[PDB]
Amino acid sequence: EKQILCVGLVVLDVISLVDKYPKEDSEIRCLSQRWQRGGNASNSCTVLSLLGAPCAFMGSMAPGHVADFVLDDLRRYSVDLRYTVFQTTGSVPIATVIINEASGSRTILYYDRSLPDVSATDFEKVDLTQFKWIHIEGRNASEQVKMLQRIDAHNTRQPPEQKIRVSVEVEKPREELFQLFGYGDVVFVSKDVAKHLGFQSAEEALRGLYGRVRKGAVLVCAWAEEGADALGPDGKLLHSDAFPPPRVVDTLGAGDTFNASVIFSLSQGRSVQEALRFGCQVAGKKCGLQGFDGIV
């Protein structure tokens, strides 16, 4: 059966759950601490798996103890490991995450490991007949554009029913990533990217950036407690309010939960308006739980 492919990076999150944000130069006792497999594309596979959609993860990996944890973690979620790109240099990146249970905040201290990125040559090895949807987490944009051109070229030879749907996420405010707006059926732009571009709402960001998307594409922008908006070729702005839980305890991976839920809903043939609502409902539910498991 056709799967959803997620192309991105896997990070190991070292999470410290606290009752208050630590003051500089103090010693605080953690409520709990845990290891969790992170990374945008990687979190989206976890959510797609929990929602019941067969999915695969394509990312760079370096052999060892961290890879054993990560691959074992993916296996627990039946996330297909076929396209794992093993590297001979670098390590899996580690992120230190402070989660403030009282405010719901997540603070990340990121450590780059010098792990080589998935290249266009690595992607050429992917048998595209096995996938109905391919999601690409924007990172090494010049290589990723070649991957997207490979998908576009495959799609020209397929009937409309057999075309692979594509989504791209532009989550970091890096100039190199903005070329990715012109690719994919669904383009996810983060609130962080929108604010760095001068936009003060999801609606402003969509109207201001729609000119950059491919003909027929849907541009999506989640705006935390203000909910999420989308804009398609008909010019109709779509919106869903946020659905915050009674107590916000964990926002780590909330954006990834939203993206996976929108992809899931759209792949099942739901409207963009239904997909936005579903995204907000699942991410909102996630924000009231530690991790992802409790969403189901």
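Residues carry their position along the shown sequence, with the first being 1. In this text, the rigid core denotes the largest set of C-alpha atoms whose superposition between the two forms falls within 1.5 Å.
Self-check item: Greater Cα displacement in 8 other deposited structures of this protein once the core is superposed, comparing 59-67 with 29-37
Solution: When 29-37 and 59-67 are compared in 8 other deposited structures of this protein, 29-37 lies farther out.
Exercise. Would you mind working out which of 271-279 and 19-27 sits farther from this form in 8 other deposited structures of this protein by RMS C-alpha distance, with the rigid core as the fit?
Key: Comparing 19-27 with 271-279, the larger C-alpha deviation in 8 other deposited structures of this protein belongs to 19-27.
Quiz prompt | 36-44 or 239-247, whichever carries the higher mean Cα B-factor | solution = Mean C-alpha B-factor is greater for 36-44.
Quiz item: What stretch has the higher average Cα B-factor here, 261-269 or 59-67?
Solution: Higher mean C-alpha B-factor: 59-67.
Self-check item: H135, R106, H196, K125, ranked by C-alpha B-factor: the highest one
Solution: In this record, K125 carries the highest C-alpha B-factor of the candidates.
Exercise. Name the one of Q200, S167, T84, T96 with the greatest CA B-factor according to the PDB entry.
Key: Most elevated C-alpha B-factor of the set, per the entry: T84.
Self-check item: B-factor third for the C-alpha atom of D19 within its chain
Solution: Highest third.
Self-check item: Chain-wide C-alpha B factor ranking for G208, given as lowest, middle or highest third
Solution: Answer is lowest: the recorded C-alpha B-factor places it there.
Quiz item: Compared with the other modelled residues in the chain, in which third is the CA B-factor of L252?
Solution: Its C-alpha B-factor belongs to the lowest third of this chain's values.
Exercise. Report the third (lowest, middle or highest) to which the CA temperature factor of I28 belongs, ranking only the modelled residues of the same chain.
Key: CA B-factor rank for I28: highest third.
Self-check item: B-factor third for the C-alpha atom of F131 within its chain
Solution: Answer is highest: the recorded C-alpha B-factor places it there.
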